[PDB]
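Counting in PDB author numbering, the sequence shown runs from 0 upward without gaps.
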Amino acid sequence: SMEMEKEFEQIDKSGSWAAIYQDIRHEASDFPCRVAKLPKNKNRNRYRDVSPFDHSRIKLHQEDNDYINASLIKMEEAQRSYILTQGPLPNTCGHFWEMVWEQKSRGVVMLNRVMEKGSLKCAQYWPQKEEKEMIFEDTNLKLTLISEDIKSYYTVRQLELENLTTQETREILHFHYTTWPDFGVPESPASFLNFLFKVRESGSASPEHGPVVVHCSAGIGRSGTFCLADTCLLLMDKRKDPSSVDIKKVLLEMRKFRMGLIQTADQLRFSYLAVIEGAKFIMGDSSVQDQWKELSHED
Ligand SMILES: O=C(O)C(=O)Nc1sc2c(c1C(=O)O)CCNC2
Ligand SMILES: [Cl-]
Ligand SMILES: [Cl-]
Ligand SMILES: [Cl-]
Ligand SMILES: [Cl-]
Ligand SMILES: [Cl-]
Numbered sequence: 000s001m002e003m004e005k006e007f008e009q010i011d012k013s014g015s016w017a018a019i020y021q022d023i024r025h026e027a028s029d030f031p032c033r034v035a036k037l038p039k040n041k042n043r044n045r046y047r048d049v050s051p052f053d054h055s056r057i058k059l060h061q062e063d064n065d066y067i068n069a070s071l072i073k074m075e076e077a078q079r080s081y082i083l084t085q086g087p088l089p090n091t092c093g094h095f096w097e098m099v100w101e102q103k104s105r106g107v108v109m110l111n112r113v114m115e116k117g118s119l120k121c122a123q124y125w126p127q128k129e130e131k132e133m134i135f136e137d138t139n140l141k142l143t144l145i146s147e148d149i150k151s152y153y154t155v156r157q158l159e160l161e162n163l164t165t166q167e168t169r170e171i172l173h174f175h176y177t178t179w180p181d182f183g184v185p186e187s188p189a190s191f192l193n194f195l196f197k198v199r200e201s202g203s204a205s206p207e208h209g210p211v212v213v214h215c216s217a218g219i220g221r222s223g224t225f226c227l228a229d230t231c232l233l234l235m236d237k238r239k240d241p242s243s244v245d246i247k248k249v250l251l252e253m254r255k256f257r258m259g260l261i262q263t264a265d266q267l268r269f270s271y272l273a274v275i276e277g278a279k280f281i282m283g284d285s286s287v288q289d290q291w292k293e294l295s296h297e298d
């Protein structure tokens with residue numbers, strides 16, 4: 000087994016996932032969020048305790064107010080960036096697509112549903128019907144649903160985003176994980192990795208494009224889990240060396256760029272499981288990807 004597998008077993012056998020996770024919260028970076036906290040930005044933040052750091056926040060190219068609750072997670076060694084953002088609010092959906100446009104993102108990963116636990120965790124920021132496109136008047140963008148591929152626990156949407164100022168259009172892919180509970184974990188490593196490899200294979204995360212946008216309700220819990228596993232698998236892939244990947248150290252590196260990434264100890268535990276199971280594909284057993292697809296019951 001791998002070094003992370005033995006560590007996983009030691010932490011399980013001694014029941015210290017809560018302790019290990021609190022250790023991560025204690026060591027995590029603390030940087031100012033002065034812009035997030037400005038009075039004029041109060042209604043641009045979904046949660047008062049979830050803010051982007053000033054040093055890594057995404058600036059909208061607006062002259063009025065450039066603030067969006069969104070962070071550039073720039074993983075230097077992995078050579079991959081992400082934008083993590085909260086679920087857009089009814090007044091920031093225009094800001095959200097403005098950011099996608101200005102950052103040249105081609106992929107949006109959504110890990111939440113619009114309604115969770117009786118609560119509206121995310122605005123309805125993309126059109127649900129081909130014939131009912133959305134126009135964002137404040138930012139001059141048009142958004143059309145082109146097609147969608149609905150599977151049992153996730154949906155992939157092809158969207159067309161148009162800058163109405165210039166009439167340039169871009170295809171944006173929407174990867175929507177629909178069965179991941181807020182503050183919870185996916186039903187299995189298999190269905191998580193099946194989704195993650197769908198995102199990887201789409202070409203959304205190609206460096207020819209801007210960073211993939213990843214969001215949940217707050218942009219930290221499920222978003223941090225997805226991003227930690229993706230980066231750890233990428234690092235393992237570049238090195239073909241599972242042993243060189245220190246998962247906790249990678250999470251602490253990500254938390255330099257946005258607070259609160261991974262919100263429960265069970266999500267941390269799930270991260271390990273996803274990485275340990277994904278390593279089988281990375282290290283040359285490609286049949287495992289077909290096993291994941293079968294186990295995830297996406298039909
Ligand atoms: O959606 C996620 O995965 C996530 O991080 N959610 C978060 S993080 C977070 C909250 C929520 C929420 O959804 O209520 C509420 C206030 N504290 C922090
Ligand atoms: Cl202000
Ligand atoms: Cl939804
Ligand atoms: Cl509900
Ligand atoms: Cl909302
Ligand atoms: Cl935290």
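Beta carbons: idealized from backbone N, C-alpha and C, even for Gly.
Opposite residue i in the DSSP bridges: which residues?
| i | result |
| --- | --- |
| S118 | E115 |
| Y46 | Answer by DSSP bridge pairing: none, since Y46 is not bridged. |
| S70 | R56 and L83 |
| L37 | BP columns for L37 are empty, so no partner. |
| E161 | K141 and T168 |
| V155 | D148 and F174 |
Hey, out of the options, whose CA is closest to residue i's CA?
| i | options | result |
| --- | --- | --- |
| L110 | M74, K131 and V155 | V155 |
| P210 | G117, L192 and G106 | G106 |
| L232 | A264, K279 and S201 | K279 |
| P188 | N44, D65, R268 and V49 | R268 |
| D137 | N68, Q127, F174 and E62 | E62 |
| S118 | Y176, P180, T91 and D148 | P180 |
| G259 | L83, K197 and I171 | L83 |
| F196 | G277, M282, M1 and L172 | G277 |
| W16 | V34, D284, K247 and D240 | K247 |
| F256 | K5, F30 and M1 | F30 |
| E132 | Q157, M282, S151 and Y153 | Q157 |
| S243 | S222, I219, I275 and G220 | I275 |
| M1 | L272, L294 and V287 | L272 |
| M3 | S285, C32, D245 and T164 | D245 |
| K292 | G283, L192 and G202 | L192 |
| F194 | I10, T177, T164 and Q9 | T177 |
| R238 | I281, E186 and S203 | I281 |
| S55 | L37, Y81, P38 and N42 | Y81 |
| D236 | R79, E6 and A18 | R79 |
Got a sec, what are the start and stop residues for the beta strand (DSSP E) residue i sits in?
| i | result |
| --- | --- |
| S222 | Per DSSP, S222 belongs to no beta strand (DSSP E); it is in the alpha helix (DSSP H), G220 to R238. |
| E170 | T168 to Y176 |
| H214 | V211 to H214 |
| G106 | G106 to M109 |
Less than 8 Å between the C-beta atoms of residue i and residue j, yes or no?
| i | j | result |
| --- | --- | --- |
| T143 | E159 | yes |
| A122 | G93 | no |
| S270 | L227 | yes |
| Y20 | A217 | no |
| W96 | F135 | yes |
| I23 | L251 | yes |
| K103 | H173 | no |
| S295 | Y152 | yes |
| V108 | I219 | no |
| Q266 | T224 | yes |
| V198 | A204 | yes |
Mind checking which residues open and close the alpha helix (DSSP H) that includes residue i?
| i | result |
| --- | --- |
| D11 | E2 to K12 |
| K248 | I246 to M253 |
| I134 | It is not in any alpha helix (DSSP H) - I134 instead sits in the beta strand (DSSP E) that spans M133 to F135. |
| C92 | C92 to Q102 |
| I275 | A264 to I281 |
| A189 | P188 to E200 |
| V287 | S286 to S295 |
| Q21 | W16 to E26 |
Which value, in whole angstroms, describes the spacing of the CA atoms of residue i and residue j?
| i | j | result |
| --- | --- | --- |
| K73 | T230 | 11 Å |
| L140 | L59 | 14 Å |
| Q262 | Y46 | 14 Å |
| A77 | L234 | 5 Å |
| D65 | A27 | 27 Å |
| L71 | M253 | 10 Å |
| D148 | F52 | 36 Å |
| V113 | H214 | 12 Å |
| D298 | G14 | 36 Å |
| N68 | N90 | 12 Å |
| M98 | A35 | 16 Å |
| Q290 | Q9 | 27 Å |
| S286 | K150 | 21 Å |
| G283 | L163 | 46 Å |
| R43 | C32 | 13 Å |
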